[PDB]
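# Residue-level structure breakdown
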Amino acid sequence: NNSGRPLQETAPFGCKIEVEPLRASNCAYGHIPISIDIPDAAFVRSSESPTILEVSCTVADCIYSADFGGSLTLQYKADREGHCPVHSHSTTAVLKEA
Amino acid sequence: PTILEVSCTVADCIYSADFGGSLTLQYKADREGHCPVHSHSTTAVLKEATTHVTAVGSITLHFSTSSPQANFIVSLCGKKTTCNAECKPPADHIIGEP
């Protein structure tokens, strides 16, 4: 009668408590360090992937938020047709395309 | 083919036994041929020897260096250009190559 609320409705960080065995699934907190030894086959020499002669960036209207609300345009000059990866090294910016 | 004007742009480089350095030569020449590319430094060695040269374009090449920095002159059909870089320490510890 005086059991109160269960731990499913009070666990912080939105951790879904399940039984058999007792555990907490999808418990988001902190960061995990991961070291990955990528196979040597994946890598390719720079002479194969098209190196780009230069690039210019022009950022369109943007709003800082959770969704991919910001947009930009890259003017690129290169030498061959390929499949470049695009990344942001800043901690406070992420890209939709990789 | 005696090239008219060439310039050097160095990508990420690393000083190790393996060919862990890459660079690009943007060249403007007058004929299609087979220029021999070379390095005029005792602390840097290229991979390719003879490169197909066009009228105008770019060529990507590889090199290995022993200095912490790439401060070395590269020659293409006689024309010399100083490539300036800054090579990081090698990530590995041992190689099965000399």
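What counts and what doesn't
- Residues numbered from 1 in each chain as written, not as in the entry; some residues may be left out.
- Chains lettered and ligands numbered in written order.
- Part of a larger assembly, values for the part shown.
- Heavy atoms only, no water.
- Disulfide = S-S within 2.5 Å.
- UniProt positions renumbered as here; feature names shortened; annotations may be inferred.
- Helix = DSSP H or I, 4+ residues; strand = E, 2+ residues; numbered from the N terminus.
- Buried < 20%, exposed > 50% of the residue type's maximum accessible area, 1.4 Å probe, protein only.
- Pairing = 2+ DSSP bridges.
- Axes fitted to C-alpha atoms, helices over the stretch in contact; angles between N-to-C directions.
- Core = buried A, V, L, I, M, F, W, Y, C linked by side-chain atoms within 4.5 Å.
- Contact = heavy atoms within 4.5 Å.
- Buried area = accessible area lost by both parts, 1.4 Å probe.
- Salt bridge = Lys/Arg side-chain N within 4 Å of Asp/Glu carboxyl O.
- Polar contact = N/O pair within 3.5 Å; in protein donor to acceptor, adjacent residues only side chain to side chain.
- Nonpolar A, V, L, I, M, F, W, Y, C, P; charged D, E, K, R; others polar.

Per the PDB record, the structure was determined using cryo-EM to 4.7 Å resolution.

### Some details on the UniProt feature "disulfide bond" in chain B
All names here are of chain B. The disulfide annotated by UniProt between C8 and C83 is present in this model, the sulfur-sulfur separation being 2.0 Å. Of the two residues, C8 is situated in strand β1 (residues 5-10) and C83 in strand β8 (residues 79-84); the sequence distance between them amounts to 75 residues. UniProt's annotated cystine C35-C77 is reproduced in these coordinates, with an S-S distance of 2.0 Å, under 2.5 Å. Of this pair, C35 sits in strand β3 (residues 33-39) while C77 is found in the loop between β7 (71-76) and β8, placing the two residues 42 residues apart along the sequence. Given a relative accessible area of 1%, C35 falls into the buried group.

### Focus: the sheet that holds strand β2 (residues 21-28) of chain B
All names here are of chain B. Across the sheet, which stays open at both edges, the four strands sit in the order β1-β2-β6-β4 with antiparallel pairing between neighbours. The sheet terminates laterally at β1 and β4 (44-46), the two strands that pair on one side only. Between one strand axis and the next, the sheet turns by 35 degrees as a mean value, whatever way the strands run. One ladder, built from three bridges, connects β4 with strand β6 (residues 56-65); its direction is antiparallel.

### Looking at the sheet that holds β8(B)
The strands making up a sheet associate through hydrogen bonds between their backbones, and the pairing can be parallel or antiparallel. All names here are of chain B. If you trace the four strands from one edge of the open sheet to the other, you get β5-β3-β7-β8, paired in antiparallel fashion. At either margin of the open sheet sits one strand with a lone partner, and together these are β5 (50-53) and β8. Between one strand axis and the next, the sheet turns by 30 degrees as a mean value, whatever way the strands run. Of the pairings in the sheet, the one linking β3 to β5 comprises four bridges and is antiparallel in character. Bridge pairing in β5 places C35 opposite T51.

### Structural notes on the nonpolar core
Membership of the largest hydrophobic core comes to 21 residues, with the highest contact counts inside it found for B:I3, B:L23, B:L25, B:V53, B:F63, B:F72 and B:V74. Listed by contribution, the elements that provide at least two residues to this core are β2, β3, β4, β6 and β7 of chain B.

### Things to note about the interface of chain B and chain A
Of the residues lining the interface, seven residues belong to chain B; the matching set on chain A comes to six residues. In total, about 570 Å² of surface goes out of reach between chain B and chain A, with carbon and sulfur atoms giving 50% of it. For chain B, the biggest contributors to the area lost against chain A are B:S58, B:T60 and B:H62; these three give 60% of the whole. The interface formed by chain B and chain A contains zero salt bridges. Taken together, chain B and chain A are joined by three residue pairs in polar contact. Listed by contribution, the elements that provide at least two residues to the side of chain B that touches chain A are β2 and β6 of chain B. Considering each element in turn, the side of chain B that touches chain A owes the most residues, three residues, to β6(B). Looking at the side of chain B that touches chain A residue by residue, the classes come out as one nonpolar, five polar and one charged.

### Focus: the UniProt feature "disulfide bond" in chain A
The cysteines A:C15 and A:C27 that UniProt joins by a disulfide are bonded here; their SG atoms are 2.0 Å apart. Here A:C27 lies in the loop between β2 (23-25) and β3 (52-59) and A:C15 lies in the segment before β1 (16-18), a separation of 12 residues in the sequence.

### A word on the side chain of A:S25
Residues and elements named next belong to chain A. With respect to the secondary-structure elements, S25 resides in strand β2. Taking the relative accessible area as the measure of exposure, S25 reaches 12% and is therefore buried. Not counting the four nearest positions on each side in its chain, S25 is found in contact with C15, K16 and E18.

### With respect to the state of the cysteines
All names here are of chain B. In total, this model carries four disulfides over all chains according to the counting rule given. Two residues share a disulfide in this structure: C8 and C83, whose sulfurs sit 2.0 Å from each other. Linking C8 and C83, the disulfide has an S-S dihedral of approximately 120 degrees and is accordingly described as right-handed. Paired by a disulfide, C13 and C87 hold their sulfur atoms 2.0 Å apart. Measuring handedness by torsion sign, the sulfur bridge of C13 and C87 sits at about -110 degrees and is left-handed. Within this pair, whereas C13 is found in the loop between β1 and β2, its partner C87 is found in the segment after β8, the two being separated by 74 residues in sequence. Assigned by exposure class, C13 and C87 land together as buried. Sequential numbering of the bridged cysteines in chain B gives the disulfide pattern 1-5, 2-6, 3-4.

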